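Observations on the three-dimensional arrangement
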Amino acid sequence: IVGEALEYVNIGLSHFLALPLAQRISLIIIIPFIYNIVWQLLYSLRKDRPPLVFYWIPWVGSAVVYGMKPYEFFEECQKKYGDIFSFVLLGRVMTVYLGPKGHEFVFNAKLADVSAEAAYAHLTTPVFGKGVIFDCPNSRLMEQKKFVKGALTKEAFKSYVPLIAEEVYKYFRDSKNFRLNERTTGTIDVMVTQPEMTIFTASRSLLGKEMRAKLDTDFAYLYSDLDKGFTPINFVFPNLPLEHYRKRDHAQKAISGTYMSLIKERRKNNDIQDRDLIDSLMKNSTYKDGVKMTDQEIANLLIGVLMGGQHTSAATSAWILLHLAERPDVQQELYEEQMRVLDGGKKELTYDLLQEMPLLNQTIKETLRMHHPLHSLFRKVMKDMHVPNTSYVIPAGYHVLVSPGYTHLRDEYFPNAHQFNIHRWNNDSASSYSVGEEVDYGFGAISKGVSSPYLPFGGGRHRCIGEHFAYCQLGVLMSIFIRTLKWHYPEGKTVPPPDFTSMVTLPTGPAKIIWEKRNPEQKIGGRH
Ligand SMILES: CC[C@@H]([C@H](C)O)n1ncn(-c2ccc(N3CCN(c4ccc(OC[C@@H]5CO[C@@](Cn6cncn6)(c6ccc(F)cc6F)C5)cc4)CC3)cc2)c1=O
Ligand code: HEM
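Residues numbered from 1 in each chain as written, not as in the entry; some residues may be left out. Chains lettered and ligands numbered in written order. Heavy atoms only, no water.

Determination of this PDB entry was carried out by X-ray crystallography to a resolution of 2.05 Å, according to the record.

Structure (structure tokens):
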């Protein structure tokens with residue numbers, strides 16, 4: 001008889017429940033630890049699954065090392081399993097596909113196969129507000145990107161360039177970090193100066209003079225509040241009853257409220273021109289089904305667009321300054337270009353003249369290669385995906401992770417990849433371009449192929465639409481920096497390592513540089 005054993009299960013269950021609440025808790029710990037380790041070992045037997053990176057702590061997965069040095073993580077994984085592999089991240093299984101084929105597999109994936117908004121909505125909806133970007137169907141996103149692109153035209157850029165220049169000179173004149181009319185040399189932290197320069201120039205151009213004027217008041221503090229709410233933690237803890245989160249939410253309401261105030265006032269004046277992104281969205285934000293964006297959605301879309309461009313651009317100009325700080329040879333070469341194109345500084349900078357500064361654009365290009373702001377782009381897998389030329393199947397509920405920034409740093413695709421060399425882009429200074437066929441997902445014709453090893457602006461339906469705005473802003477900014485100042489490192493200092501745990505791969509601060517005026521007696525005019 002074995003029925004005596006079935007009794008003994010029951011008995012065992014009872015004897016278990018009467019263990020001391022000390023031993024019983026550790027069992028509550030030690031059991032999932034063992035099952036996890038067992039499940040992985042069984043998972044490796046499955047060959048329609050990409051290799052899974054081993055980990056001890058359940059749920060947490062490889063979060064720590066991935067968070068701290070994702071490119072070094074990816075390299076070790078790549079050496080062991082090749083380009084396709086999975087790892088556990090805070091409850092989620094990420095399947096990484098490295099290299100150009102990975103770009104193709106994720107960026108060009110079927111709309112039915114993956115979802116970005118499913119990956120990203122928690123990160124962004126709390127910050128931007130409802131109804132826009134990733135809080136709406138992909139088809140709504142496609143048209144929003146079309147609306148915003150409508151204020152990012154060549155003629156807009158011609159009008160923005162002098163507005164941006166004015167803000168940069170204003171910042172050199174009035175900021176305590178510079179004060180060039182009073183000081184001929186000084187030390188700055190680029191992680192302090194660049195976010196300020198960035199929001200000032202982006203506000204003035206995209207949002208207009210009134211909105212820029214508000215950053216000169218206490219209202220600036222709300223931007224700082226909202227800004228602090230744009231962080232990776234939102235991936236895990238989007239909302240939780242703390243101080244941090246209420247300021248953020250308050251800020252969102254307060255800032256969207258201000259844009260709406262301006263919007264409603266411009267319409268109640270028939271004062272709707274072609275100045276800024278606000279005018280533009282007012283005139284052009286009706287979807288194809290005839291539904292119009294609400295004033296709230298318009299305001300929210302403004303916040304999203306300003307916030308995203310804030311962090312990518314601010315990090316990029318910081319890195320540019322940092323790399324040039326140890327390359328007086330490159331500052332020198334850039335200065336010669338400025339003198340040539342602007343006739344010794346006589347000519348006023350314009351959008352057309354910016355396009356005749358290939359070395360400057362190449363410098364932005366090379367900084368975006370060495371410092372892709374977003375080291376990992378995500379999609380949630382919605383339908384089972386088979387990985388071509390493999391037996392691999394990525395089951396729904398997984399996430400795919402693509403990382404062009406990792407490929408940016410591979411010697412195979414960029415010789416001496418960890419060397420800053422703007423001349424690798426000689427006669428190839430364009431922000432990006434297509435090597436063949438194009439396609440349109442609803443916001444303009446863009447490259448069909450996404451196989452370039454250089455993809456700072458992504459590709460496919462979720463491709464950036466800010467690239468030309470960013471080059472315009474970075475271009476004006478760096479053209480004025482170069483013409484006005486030389487700079488270098490404090491003794492024994494050099495380019496800092498990136499902080500891969502922040503929203504963007506900004507430098508680990510404080511990252512200080514020492515500036516000095518090229519023309520000590522040059523004064524910046526205007527009232528203050
Ligand atoms: C827990 C213990 C801790 C210890 C120390 O290990 N740890 N362990 C692990 N980690 C860890 C691990 C990983 C990370 N992150 C990985 C994910 N990252 C990330 C960032 C942004 C992303 O943005 C998605 C969209 C794309 O478009 C944007 C952006 N944009 C594009 N153009 C302009 N803006 C956009 C678009 C349109 C708009 F209109 C606006 C927008 F914004 C938003 C996607 C991914 C951040 C870093 C951080 C920390 C830890 O910290
Ligand atoms: C150096 C500057 C920038 C870089 C490197 C950059 C990079 C990117 C990348 C990689 C994506 C695709 C994300 C994904 O596929 O998951 C993206 C998307 C996007 N970016 Fe940018 N970006 C920059 C600046 C800007 C600016 C200045 C704006 C607005 C003025 C902007 C607005 C957008 C928008 C609207 C999307 C679409 C997101 C989607 O369709 O899912 N970006 N950007």
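Moving on from the coordinates now.
A few words on unusual backbone geometry. Here the bond from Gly-509 into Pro-510 is cis, since omega is -5°, no more than 30 degrees from zero. Among the secondary structure elements, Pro-510 is positioned in the loop between strand 11 (485-488) and strand 12 (512-517). The residue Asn-427 is not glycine, and still its phi comes out positive at about 50°. (Helix = DSSP H or I, 4+ residues; strand = E, 2+ residues; numbered from the N terminus.)

Below, the discussion takes up the site of ligand 1. Near ligand 1, the surroundings consist of 23 residues, among which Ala-63, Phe-230, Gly-304, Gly-308 and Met-503 are the closest. Contact distances for ligand 1 include 3.3 Å between an oxygen atom and a backbone N or O atom of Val-64. Taken by itself ligand 1 offers 970 Å² of open surface, and the protein chains cover 76% of this. Sorting the residues of the shell around ligand 1 by element identifies helix 3 (63-68), helix 6 (116-128) and helix 14 (295-325) as the ones contributing at least two each. Element by element, the count of residues in the shell around ligand 1 is highest for helix 3, at five residues. Grouping the amino acids of the shell around ligand 1 by side-chain chemistry returns 15 nonpolar, eight polar and no charged. (Near = heavy atom within 4 Å. Polar contact = N/O pair within 3.5 Å; in protein donor to acceptor, adjacent residues only side chain to side chain. Areas by Shrake-Rupley, 256 points an atom, 1.4 Å probe, with all protein chains shown as cover. Nonpolar A, V, L, I, M, F, W, Y, C, P; charged D, E, K, R; others polar.)

Coordination of the iron atom of ligand 2 by the protein involves just one donor, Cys-464 (SG), at a distance of 2.3 Å. Every donor counted, the six donor atoms about the iron atom of ligand 2 form angles of 85 to 177° at the centre, which fits octahedral coordination. Following the sequence through the fold, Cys-464 ends up in the loop between strand 10 (445-447) and helix 19 (467-484). (Donors = N, O, S within 2.8 Å, 3.2 Å for Na, K, Ca; no water. Tetrahedral: all angles 85-135°; square planar, octahedral: opposite > 155°, others 65-115°.)

In the vicinity of ligand 2 there are 25 residues, among which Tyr-120, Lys-145, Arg-379, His-462 and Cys-464 approach most closely. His-462 places a side-chain nitrogen or oxygen 2.7 Å from an oxygen atom of ligand 2. The set of elements that each furnish at least two residues to the shell around ligand 2 consists of helix 7 (138-149), helix 14, strand 5 (377-381) and helix 19. When its residues are assigned to classes, the shell around ligand 2 shows 14 nonpolar, seven polar and four charged.

Ranked by internal contacts, the top residues of the largest apolar core, which has 151 residues, are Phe-74, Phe-87, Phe-172, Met-478, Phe-481 and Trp-487. Per-element accounting of this core gives the leading share, 14 residues, to helix 14. Those residues in contact with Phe-87, other than ones at most four positions away along the chain, are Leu-52, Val-53, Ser-62, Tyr-66, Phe-73, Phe-74, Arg-92, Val-93, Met-94, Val-96 and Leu-401. (Core = buried A, V, L, I, M, F, W, Y, C linked by side-chain atoms within 4.5 Å. Buried < 20%, exposed > 50% of the residue type's maximum accessible area, 1.4 Å probe, protein only. Contact = heavy atoms within 4.5 Å.)

Strand order in this open sheet of three strands is 4-12-11, and the pairing throughout is antiparallel. Two strands close off the open sheet at either side, each with one partner strand: strand 4 (185-189) and strand 11. The average angle at which neighbouring strand axes cross in this sheet is 30°, direction not considered. Bridge count between strand 11 and strand 12: four bridges; the pairing is antiparallel. Each bridged residue has a counterpart across the sheet, and for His-488 the counterpart in strand 12 is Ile-514. Where helix 19 meets the sheet, it contacts strand 11 and strand 12, and its direction lies at approximately 90° from that of strand 11. (Pairing = 2+ DSSP bridges. Axes fitted to C-alpha atoms, helices over the stretch in contact; angles between N-to-C directions.)

All chains considered together, the criterion is met by 30 salt bridges. For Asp-48, the salt bridge identified is with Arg-49, shortest N-O distance 3.1 Å. For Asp-48, a relative accessible area of 23% translates into the label partly exposed. Classification of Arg-49 by relative accessible area gives buried; the value is 10%. Of the charged contacts in the structure, one is a salt bridge between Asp-295 and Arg-267, with a shortest N-O distance of 2.5 Å. Of this pair, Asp-295 sits in helix 14 while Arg-267 sits in helix 12 (residues 243-267); the two residues are 28 residues apart in sequence, bridging distant segments of the chain. What makes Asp-295 buried here is its relative accessible area of 13%. What emerges from the salt-bridge pattern is a single network uniting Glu-210, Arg-266, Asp-271, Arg-275, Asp-276 and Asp-279. (Salt bridge = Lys/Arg side-chain N within 4 Å of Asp/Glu carboxyl O.)

UniProt annotation of "transmembrane region" (unreviewed entry) refers to residues 25-45 and 52-68 when read in the numbering used here. Each end of residues 25-45 is marked by a C-alpha atom, and these two atoms are 32 Å apart; helix forms 90% of the span and strand 0%. With 35% helix and 0% strand, residues 52-68 has its two end C-alpha atoms placed 19 Å apart. (UniProt positions renumbered as here; feature names shortened; annotations may be inferred.)

Further remarks concern empty space enclosed by the protein. Using the criterion set out here, one finds two cavities of 30 Å³ or more in the structure. The volume enclosed by the largest cavity comes to roughly 40 Å³. The wall of the largest cavity is formed by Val-106, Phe-107, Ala-109, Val-114, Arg-379, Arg-461 and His-462. Here the lining of the largest cavity is composed, by residue class, of four nonpolar, one polar and two charged. Lining of the second largest cavity is provided by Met-197, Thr-198, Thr-201, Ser-313, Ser-317, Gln-473, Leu-474 and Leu-477. (1 Å grid on protein atoms, 1.4 Å probe; cavity = no way out; pocket = protein on both sides within 12 Å on 5 of 7 lines; lining within 4 Å. Points joined across faces, edges and corners; volume = space filled by probe spheres on them.)

Right, let's get into the sheet that holds strand 3 (residues 114-115). Read from one edge to the other, the open sheet built from five strands follows the order 1-2-8-5-3, with strand pairing classed as mixed. Sheet topology places strand 1 (84-89) and strand 3 at the edges, where each strand pairs with a single neighbour.

A separate point is the pairing of strand 12. Where a strand is regular, its side chains alternate between the two sheet faces. Note that strand 4 and strand 12 share five bridges and pair antiparallel. Residue pairing in the sheet places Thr-185 in a bridge with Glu-516 of strand 12.

Once that is clear, we can look at the layout of surface pockets. Summary: where empty space remains is shown by rolling a probe the size of a single water molecule over the atoms. The computed volume of the second largest pocket comes to approximately 1000 Å³. Class assignment for the residues of the lining of the second largest pocket results in 23 nonpolar, seven polar and ten charged.

With that settled, the discussion passes to the packing of aromatic side chains. Per the counting criterion, the structure on display carries 31 aromatic pairs. Ring centres 5.0 Å apart and planes at 90° place the aromatic pair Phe-73 and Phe-87 in the edge-to-face group. With a gap of 14 residues between them, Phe-73 in helix 4 (residues 70-81) and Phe-87 in strand 1 connect regions that are remote in the sequence. Residue class for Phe-87 comes out buried when judged on its relative accessible area of 0%. Residues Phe-219 and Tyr-223 carry aromatic rings whose centres are separated by 6.2 Å and whose planes lie at 70° to one another, so their mutual orientation is edge-to-face. Among the residues examined, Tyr-223 registers a relative accessible area of 14% and is labelled buried. An aromatic cluster is present here, built from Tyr-66, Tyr-71, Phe-73, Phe-74, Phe-85, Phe-87, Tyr-406 and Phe-500 joined pairwise through their rings. The residue whose ring lies beneath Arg-212 is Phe-200, and the NZ or CZ to ring-centre distance is 3.9 Å. (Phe/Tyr/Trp six-rings, centres within 6.5 Å; stacked < 30°, edge-to-face > 60°. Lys NZ or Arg CZ within 6 Å of the ring centre and 35° of its normal.)

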